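So this block is coords08.tsv, TSV, C-alpha atoms and all ligand atoms:
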chain	number	residue	atom	x	y	z
W	1	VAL	CA	5.32	78.00	24.30
W	2	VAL	CA	8.92	79.02	23.68
W	3	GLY	CA	10.46	81.32	26.25
W	4	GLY	CA	7.55	80.92	28.61
W	5	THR	CA	7.43	80.54	32.37
W	6	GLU	CA	5.34	78.03	34.28
W	7	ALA	CA	1.86	79.37	34.84
W	8	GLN	CA	0.43	79.38	38.29
W	9	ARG	CA	-2.18	76.61	38.56
W	10	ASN	CA	-5.14	78.92	38.88
W	11	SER	CA	-4.10	81.70	36.54
W	12	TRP	CA	-5.79	80.58	33.36
W	13	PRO	CA	-8.74	78.41	34.31
W	14	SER	CA	-10.35	78.46	30.89
W	15	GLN	CA	-7.31	76.83	29.29
W	16	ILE	CA	-8.01	73.24	28.27
W	17	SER	CA	-5.92	70.46	26.79
W	18	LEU	CA	-7.35	68.88	23.64
W	19	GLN	CA	-6.08	65.34	23.36
W	20	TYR	CA	-6.45	62.45	21.01
W	21	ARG	CA	-6.47	58.75	21.72
W	22	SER	CA	-3.27	56.98	20.78
W	23	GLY	CA	-3.07	53.31	21.63
W	24	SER	CA	-4.17	52.86	25.21
W	25	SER	CA	-3.27	56.42	26.08
W	26	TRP	CA	-4.07	60.00	25.22
W	27	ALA	CA	-1.79	62.57	23.70
W	28	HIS	CA	-2.05	66.32	23.98
W	29	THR	CA	-2.33	67.88	20.58
W	30	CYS	CA	-3.77	71.34	21.10
W	31	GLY	CA	-5.05	73.88	23.56
W	32	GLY	CA	-8.52	75.38	23.64
W	33	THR	CA	-10.64	77.73	25.71
W	34	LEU	CA	-13.58	76.62	27.77
W	35	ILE	CA	-16.36	79.02	26.78
W	36	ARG	CA	-19.46	77.25	28.07
W	37	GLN	CA	-19.60	74.41	30.59
W	38	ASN	CA	-20.09	72.16	27.59
W	39	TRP	CA	-18.35	74.13	24.85
W	40	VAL	CA	-14.71	74.59	23.94
W	41	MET	CA	-13.28	77.01	21.47
W	42	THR	CA	-10.21	75.79	19.63
W	43	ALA	CA	-8.55	76.02	16.24
W	44	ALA	CA	-10.12	74.32	13.28
W	45	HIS	CA	-6.77	72.88	12.26
W	46	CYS	CA	-6.58	71.02	15.53
W	47	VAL	CA	-9.55	68.91	14.54
W	48	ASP	CA	-8.67	68.30	10.94
W	49	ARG	CA	-7.65	64.74	11.74
W	50	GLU	CA	-10.33	62.11	12.13
W	51	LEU	CA	-9.29	61.29	15.66
W	52	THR	CA	-10.95	60.49	18.91
W	53	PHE	CA	-10.69	63.65	20.96
W	54	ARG	CA	-11.12	64.40	24.60
W	55	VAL	CA	-10.87	67.64	26.51
W	56	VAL	CA	-9.13	67.99	29.82
W	57	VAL	CA	-10.13	70.88	31.99
W	58	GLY	CA	-8.42	71.74	35.24
W	59	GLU	CA	-5.18	70.42	33.78
W	60	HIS	CA	-1.81	71.76	34.87
W	61	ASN	CA	0.78	69.06	34.41
W	62	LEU	CA	0.13	66.72	31.53
W	63	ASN	CA	2.40	64.09	33.03
W	64	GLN	CA	1.27	64.18	36.67
W	65	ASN	CA	-1.97	63.87	38.62
W	66	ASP	CA	-2.92	67.42	39.63
W	67	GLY	CA	-6.04	66.38	41.50
W	68	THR	CA	-8.12	68.92	39.56
W	69	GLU	CA	-8.53	67.41	36.12
W	70	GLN	CA	-11.89	66.65	34.57
W	71	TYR	CA	-11.85	64.52	31.44
W	72	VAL	CA	-14.63	64.78	28.95
W	73	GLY	CA	-15.31	63.42	25.56
W	74	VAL	CA	-15.99	65.63	22.58
W	75	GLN	CA	-19.51	64.95	21.38
W	76	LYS	CA	-19.73	67.31	18.44
W	77	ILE	CA	-17.25	69.29	16.41
W	78	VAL	CA	-18.32	72.41	14.58
W	79	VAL	CA	-15.58	73.82	12.41
W	80	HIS	CA	-16.06	77.22	10.84
W	81	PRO	CA	-17.62	76.57	7.48
W	82	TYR	CA	-15.08	78.68	5.61
W	83	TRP	CA	-12.08	76.88	7.08
W	84	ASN	CA	-9.81	75.35	4.51
W	85	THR	CA	-7.09	73.08	5.77
W	86	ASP	CA	-5.01	73.83	2.67
W	87	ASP	CA	-5.04	77.52	3.52
W	88	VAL	CA	-4.43	78.53	7.13
W	89	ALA	CA	-3.57	82.02	5.90
W	90	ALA	CA	-7.13	82.52	4.71
W	91	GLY	CA	-8.20	82.49	8.32
W	92	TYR	CA	-11.35	80.95	9.75
W	93	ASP	CA	-9.14	78.81	11.97
W	94	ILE	CA	-11.69	78.23	14.66
W	95	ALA	CA	-13.87	75.37	15.83
W	96	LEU	CA	-16.27	74.75	18.64
W	97	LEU	CA	-16.39	71.47	20.48
W	98	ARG	CA	-19.54	70.43	22.31
W	99	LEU	CA	-18.49	68.36	25.29
W	100	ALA	CA	-20.28	65.14	26.12
W	101	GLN	CA	-20.86	66.35	29.65
W	102	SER	CA	-20.90	69.75	31.26
W	103	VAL	CA	-17.82	70.33	33.34
W	104	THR	CA	-17.89	71.62	36.84
W	105	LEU	CA	-16.54	75.09	37.42
W	106	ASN	CA	-14.11	75.87	40.20
W	107	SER	CA	-10.89	77.86	40.62
W	108	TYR	CA	-9.21	75.65	38.06
W	109	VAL	CA	-12.08	75.46	35.59
W	110	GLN	CA	-13.77	78.65	34.47
W	111	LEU	CA	-15.30	80.06	31.31
W	112	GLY	CA	-12.98	82.21	29.22
W	113	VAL	CA	-14.20	85.77	28.81
W	114	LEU	CA	-14.47	86.73	25.15
W	115	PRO	CA	-14.07	90.24	23.79
W	116	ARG	CA	-16.99	92.14	22.45
W	117	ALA	CA	-17.41	91.73	18.72
W	118	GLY	CA	-15.13	93.81	16.53
W	119	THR	CA	-12.71	94.71	19.26
W	120	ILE	CA	-9.21	95.35	18.00
W	121	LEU	CA	-6.30	95.77	20.37
W	122	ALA	CA	-3.97	98.73	20.05
W	123	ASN	CA	-0.50	97.82	18.87
W	124	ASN	CA	1.69	96.49	21.66
W	125	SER	CA	-1.22	95.49	23.90
W	126	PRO	CA	-0.30	93.24	26.80
W	127	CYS	CA	-1.19	89.62	26.34
W	128	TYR	CA	-0.07	86.18	27.41
W	129	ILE	CA	-0.16	83.07	25.30
W	130	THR	CA	-0.63	79.90	27.35
W	131	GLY	CA	-0.20	76.26	26.46
W	132	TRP	CA	1.66	73.02	26.65
W	133	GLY	CA	3.15	73.37	23.22
W	134	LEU	CA	6.75	72.86	22.29
W	135	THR	CA	9.15	74.75	24.45
W	136	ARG	CA	11.63	75.06	21.61
W	137	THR	CA	11.36	75.00	17.85
W	138	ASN	CA	11.46	71.28	17.02
W	139	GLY	CA	11.35	70.60	20.74
W	140	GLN	CA	9.01	68.77	23.03
W	141	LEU	CA	5.73	69.62	24.71
W	142	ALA	CA	5.86	71.20	28.10
W	143	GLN	CA	4.79	69.11	31.05
W	144	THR	CA	3.40	72.05	32.93
W	145	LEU	CA	1.27	74.79	31.46
W	146	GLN	CA	3.44	77.63	30.23
W	147	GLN	CA	2.73	81.29	29.67
W	148	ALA	CA	4.70	83.83	27.64
W	149	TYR	CA	4.19	87.56	27.49
W	150	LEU	CA	3.43	88.37	23.89
W	151	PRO	CA	2.41	91.95	23.16
W	152	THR	CA	0.24	92.38	20.14
W	153	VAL	CA	1.54	93.52	16.79
W	154	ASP	CA	-1.19	95.40	14.99
W	155	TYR	CA	-2.44	94.58	11.55
W	156	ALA	CA	-0.54	97.36	9.81
W	157	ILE	CA	2.77	96.23	11.22
W	158	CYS	CA	1.99	92.52	11.15
W	159	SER	CA	0.98	92.52	7.53
W	160	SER	CA	3.95	94.61	6.46
W	161	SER	CA	6.56	92.97	4.28
W	162	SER	CA	9.14	92.25	6.93
W	163	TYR	CA	6.54	90.63	9.15
W	164	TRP	CA	3.90	88.36	7.72
W	165	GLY	CA	2.90	90.31	4.64
W	166	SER	CA	-0.40	89.29	3.08
W	167	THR	CA	-0.44	86.04	5.03
W	168	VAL	CA	-1.91	87.88	7.99
W	169	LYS	CA	-5.49	89.03	7.72
W	170	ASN	CA	-7.53	91.46	9.78
W	171	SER	CA	-9.41	88.46	11.14
W	172	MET	CA	-6.24	87.51	13.01
W	173	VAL	CA	-4.28	88.85	15.93
W	174	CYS	CA	-0.51	88.82	15.85
W	175	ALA	CA	1.46	88.80	19.08
W	176	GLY	CA	5.12	88.62	19.98
W	177	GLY	CA	7.72	88.28	17.27
W	178	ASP	CA	10.63	89.14	19.53
W	179	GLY	CA	12.54	86.01	18.50
W	180	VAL	CA	12.64	84.65	22.02
W	181	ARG	CA	9.06	84.01	23.05
W	182	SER	CA	6.27	82.52	21.03
W	183	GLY	CA	3.63	79.89	20.56
W	184	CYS	CA	4.90	76.60	19.18
W	185	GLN	CA	3.37	73.32	18.04
W	186	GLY	CA	0.88	72.03	20.57
W	187	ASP	CA	-0.20	75.53	21.54
W	188	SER	CA	-2.55	75.69	18.59
W	189	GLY	CA	-6.16	76.22	19.49
W	190	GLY	CA	-5.33	77.74	22.83
W	191	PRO	CA	-5.91	81.23	24.04
W	192	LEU	CA	-4.17	84.53	23.70
W	193	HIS	CA	-5.24	86.30	26.91
W	194	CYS	CA	-5.10	90.08	26.76
W	195	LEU	CA	-5.59	92.55	29.54
W	196	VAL	CA	-8.19	95.13	28.71
W	197	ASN	CA	-9.90	97.44	31.20
W	198	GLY	CA	-8.46	95.40	34.00
W	199	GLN	CA	-9.75	92.01	32.91
W	200	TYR	CA	-8.09	89.34	30.81
W	201	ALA	CA	-10.11	88.29	27.82
W	202	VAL	CA	-9.34	85.65	25.24
W	203	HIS	CA	-8.67	87.68	22.14
W	204	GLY	CA	-6.94	84.97	20.14
W	205	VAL	CA	-7.05	81.31	19.23
W	206	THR	CA	-3.51	80.15	18.44
W	207	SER	CA	-3.34	79.44	14.75
W	208	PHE	CA	0.12	79.43	13.26
W	209	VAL	CA	3.78	80.23	13.50
W	210	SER	CA	6.38	80.49	10.76
W	211	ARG	CA	7.52	77.37	8.98
W	212	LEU	CA	10.99	78.60	9.81
W	213	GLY	CA	10.48	78.16	13.52
W	214	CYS	CA	8.36	79.19	16.45
W	215	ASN	CA	10.31	82.07	17.91
W	216	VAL	CA	11.38	83.87	14.76
W	217	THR	CA	11.96	87.60	14.92
W	218	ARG	CA	9.31	89.47	13.03
W	219	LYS	CA	7.17	86.39	12.73
W	220	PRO	CA	4.88	86.87	15.67
W	221	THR	CA	2.59	84.07	16.59
W	222	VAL	CA	-0.65	84.41	14.71
W	223	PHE	CA	-4.04	83.85	16.26
W	224	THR	CA	-7.59	83.79	15.02
W	225	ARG	CA	-9.18	87.04	16.17
W	226	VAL	CA	-11.86	85.91	18.59
W	227	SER	CA	-13.69	89.19	18.25
W	228	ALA	CA	-14.28	88.51	14.57
W	229	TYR	CA	-16.27	85.39	15.44
W	230	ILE	CA	-18.55	86.37	18.27
W	231	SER	CA	-21.67	86.12	16.14
W	232	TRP	CA	-20.53	82.84	14.68
W	233	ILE	CA	-19.83	81.39	18.12
W	234	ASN	CA	-23.19	82.52	19.46
W	235	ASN	CA	-24.94	81.16	16.41
W	236	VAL	CA	-23.30	77.81	16.81
W	237	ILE	CA	-24.03	77.50	20.49
W	238	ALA	CA	-27.61	78.61	20.03
W	239	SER	CA	-28.30	76.02	17.36
W	240	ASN	CA	-26.53	73.10	19.03
Y	301	CL	CL	-8.87	81.87	31.90
With the file now loaded, output its structure as structure tokens.
Amino acid sequence: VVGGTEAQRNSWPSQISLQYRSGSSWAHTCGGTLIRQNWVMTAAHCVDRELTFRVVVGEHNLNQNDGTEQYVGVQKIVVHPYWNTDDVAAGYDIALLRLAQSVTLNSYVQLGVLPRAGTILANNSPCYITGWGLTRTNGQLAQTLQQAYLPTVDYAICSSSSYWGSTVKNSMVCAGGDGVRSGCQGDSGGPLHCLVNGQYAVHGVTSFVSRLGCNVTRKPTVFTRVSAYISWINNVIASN
């Protein structure tokens, strides 16, 4: 997250860290949202590689013992069937991970609330992106979970020529674009939390930023629209 602030430890309890095994250690690669005690929602592009993945819930500082972490293997990966790694702009950047064990809920570990199906946020709706992604374009991952206020940019504006054009689809949510704050590599898969009717819900799954850089004016961070996939998610969880 570029231009973020450190999140309080119990602010975003559904945020998880999706990590892969590298040597005798684990590396954070993406965020995700805990949606069931044994299911995580993340981006399909995060699980394109044939890696060994684990999920960390109750994580705050990737480099320090927080005393709240729960580490669980990923037992099954269900990527949206229309996902195409060669075309992130087509959308469908979403995947569900069945965890090997059910995690324990507490103030640091909670299920993310998802929007009702079809919900679209009004332009400029208040949201926060959270994650341990790069804190600068071509930078380094954060140690501590970051949050950045990223108001939505509606489809009409987001898909206009000076923004993302045809690259953005109505199955996505754009947010930010102020040139200061944004998602960045390593935030992928994580949530876009937006305040609606007093409650934060996870309206987006971080999907992509410009190839030019993370915080690029008029290139808001683009997220998979969670509300476009409610039926899909339910169908996956019910059959697995
Ligand atoms: Cl949360």
Would you kindly identify which residues have an atom no farther than 7 Å from (-14.1, 79.2, 31.5), using only C-alpha atoms and the file's own coordinates, and write them out as a PDB file with C-alpha atoms, keeping the file's coordinate frame?
ATOM      1  CA  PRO W  13      -8.740  78.410  34.310  1.00  0.00           C
ATOM      2  CA  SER W  14     -10.350  78.460  30.890  1.00  0.00           C
ATOM      3  CA  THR W  33     -10.640  77.730  25.710  1.00  0.00           C
ATOM      4  CA  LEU W  34     -13.580  76.620  27.770  1.00  0.00           C
ATOM      5  CA  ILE W  35     -16.360  79.020  26.780  1.00  0.00           C
ATOM      6  CA  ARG W  36     -19.460  77.250  28.070  1.00  0.00           C
ATOM      7  CA  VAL W 109     -12.080  75.460  35.590  1.00  0.00           C
ATOM      8  CA  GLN W 110     -13.770  78.650  34.470  1.00  0.00           C
ATOM      9  CA  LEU W 111     -15.300  80.060  31.310  1.00  0.00           C
ATOM     10  CA  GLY W 112     -12.980  82.210  29.220  1.00  0.00           C
TER      11      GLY W 112
END
Would you mind listing, for every residue of chain W within 12 Å of ligand CL 301 (chain Y), the two atoms forming the shortest contact and the distance between them in Å to one decimal, using all atoms listed in the file, sorted by chain and ascending residue number, as CSV?
residue,atom,partner,partner_atom,distance
W:7,CA,Y:CL301,CL,11.4
W:8,CA,Y:CL301,CL,11.6
W:9,CA,Y:CL301,CL,10.8
W:10,CA,Y:CL301,CL,8.4
W:11,CA,Y:CL301,CL,6.7
W:12,CA,Y:CL301,CL,3.6
W:13,CA,Y:CL301,CL,4.2
W:14,CA,Y:CL301,CL,3.9
W:15,CA,Y:CL301,CL,5.9
W:16,CA,Y:CL301,CL,9.4
W:32,CA,Y:CL301,CL,10.5
W:33,CA,Y:CL301,CL,7.7
W:34,CA,Y:CL301,CL,8.2
W:35,CA,Y:CL301,CL,9.5
W:57,CA,Y:CL301,CL,11.1
W:58,CA,Y:CL301,CL,10.7
W:105,CA,Y:CL301,CL,11.6
W:106,CA,Y:CL301,CL,11.5
W:107,CA,Y:CL301,CL,9.8
W:108,CA,Y:CL301,CL,8.8
W:109,CA,Y:CL301,CL,8.1
W:110,CA,Y:CL301,CL,6.4
W:111,CA,Y:CL301,CL,6.7
W:112,CA,Y:CL301,CL,4.9
W:113,CA,Y:CL301,CL,7.3
W:114,CA,Y:CL301,CL,10.0
W:128,CA,Y:CL301,CL,10.8
W:129,CA,Y:CL301,CL,11.0
W:130,CA,Y:CL301,CL,9.6
W:131,CA,Y:CL301,CL,11.7
W:147,CA,Y:CL301,CL,11.8
W:190,CA,Y:CL301,CL,10.6
W:191,CA,Y:CL301,CL,8.4
W:192,CA,Y:CL301,CL,9.8
W:193,CA,Y:CL301,CL,7.6
W:194,CA,Y:CL301,CL,10.4
W:195,CA,Y:CL301,CL,11.4
W:199,CA,Y:CL301,CL,10.2
W:200,CA,Y:CL301,CL,7.6
W:201,CA,Y:CL301,CL,7.7
W:202,CA,Y:CL301,CL,7.7
W:203,CA,Y:CL301,CL,11.4
I need the residues from that last selection saved to file as a compact mmCIF listing (two decimals), in the coordinates of the input (with C-alpha atoms), if you can.
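The resulting file, part_36.txt, is reproduced below:
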# COMPACT_ATOMS: atom_id res chain seq x y z
CA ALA W 7 1.86 79.37 34.84
CA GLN W 8 0.43 79.38 38.29
CA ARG W 9 -2.18 76.61 38.56
CA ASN W 10 -5.14 78.92 38.88
CA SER W 11 -4.10 81.70 36.54
CA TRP W 12 -5.79 80.58 33.36
CA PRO W 13 -8.74 78.41 34.31
CA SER W 14 -10.35 78.46 30.89
CA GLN W 15 -7.31 76.83 29.29
CA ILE W 16 -8.01 73.24 28.27
CA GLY W 32 -8.52 75.38 23.64
CA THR W 33 -10.64 77.73 25.71
CA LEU W 34 -13.58 76.62 27.77
CA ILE W 35 -16.36 79.02 26.78
CA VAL W 57 -10.13 70.88 31.99
CA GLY W 58 -8.42 71.74 35.24
CA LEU W 105 -16.54 75.09 37.42
CA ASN W 106 -14.11 75.87 40.20
CA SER W 107 -10.89 77.86 40.62
CA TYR W 108 -9.21 75.65 38.06
CA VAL W 109 -12.08 75.46 35.59
CA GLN W 110 -13.77 78.65 34.47
CA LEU W 111 -15.30 80.06 31.31
CA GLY W 112 -12.98 82.21 29.22
CA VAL W 113 -14.20 85.77 28.81
CA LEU W 114 -14.47 86.73 25.15
CA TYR W 128 -0.07 86.18 27.41
CA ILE W 129 -0.16 83.07 25.30
CA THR W 130 -0.63 79.90 27.35
CA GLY W 131 -0.20 76.26 26.46
CA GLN W 147 2.73 81.29 29.67
CA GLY W 190 -5.33 77.74 22.83
CA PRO W 191 -5.91 81.23 24.04
CA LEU W 192 -4.17 84.53 23.70
CA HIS W 193 -5.24 86.30 26.91
CA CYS W 194 -5.10 90.08 26.76
CA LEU W 195 -5.59 92.55 29.54
CA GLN W 199 -9.75 92.01 32.91
CA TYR W 200 -8.09 89.34 30.81
CA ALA W 201 -10.11 88.29 27.82
CA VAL W 202 -9.34 85.65 25.24
CA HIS W 203 -8.67 87.68 22.14
Long-range neighbours of residue W:138 as a compact mmCIF listing (two decimals) with C-alpha atoms, in the coordinates of the input, 9 Å cut-off, all atoms listed in the file, 6 positions minimum in chain:
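The resulting file, result_29.txt, is reproduced below:
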# COMPACT_ATOMS: atom_id res chain seq x y z
CA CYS W 184 4.90 76.60 19.18
CA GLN W 185 3.37 73.32 18.04
CA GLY W 213 10.48 78.16 13.52
CA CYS W 214 8.36 79.19 16.45
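Remark: for residue W:47, the closest of the candidate residues W:235, W:144, W:206, W:29 is W:29 (distances computed over all atoms listed in the file).
Among the candidates W:146, W:167, W:97, W:66, the residue lying nearest to residue W:186 is W:146 (atoms considered: all atoms listed in the file).
Coordinates place atom CA of residue W:166 at a distance of 13.4 Å from atom CA of residue W:154.
Across W:237, W:90, W:216, W:205, the tightest approach to residue W:179 is made by W:216 when counting only C-alpha atoms.
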Discussion item. Residues near residue W:183, anyone? I mean within 6 Å using only C-alpha atoms, not counting same-chain ones fewer than 2 positions away, as a list in words.
Written reply: residues 1, 187 and 221 of chain W
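Straight-line separation from atom CA of residue W:48 to atom CA of residue W:18: 12.8 Å.
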Worksheet entry | Point-to-point distance in Å for atom CA of residue W:210 and atom CA of residue W:86 | 15.5 Å
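Closest approach to residue W:91 among W:224, W:28, W:6, W:163: W:224, based on only C-alpha atoms.
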Item to complete: Within 12 Å of residue W:159, counting all atoms listed in the file, which residues show up once you throw out same-chain ones fewer than 2 positions away? Write them as a list in words, please.
Response: residues 89, 153, 154, 155, 156, 157, 161, 162, 163, 164, 165, 166, 167, 168, 169, 170, 171, 172, 173, 174, 218, 219, 220 and 222 of chain W
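Candidate residues W:122, W:55, W:41, W:158 were compared for distance to residue W:80, and the nearest is W:41, using all atoms listed in the file.
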Practice prompt. Might you pull out every residue within 12 Å of residue W:20, with all atoms listed in the file counted and same-chain residues fewer than 6 positions away left off, and present them as a ChimeraX atom specification?
Written response: /W:26-31,46-56,71-74
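If all atoms listed in the file are the atoms counted, then among W:81, W:102, W:38, W:17 the closest residue to residue W:189 is W:17.
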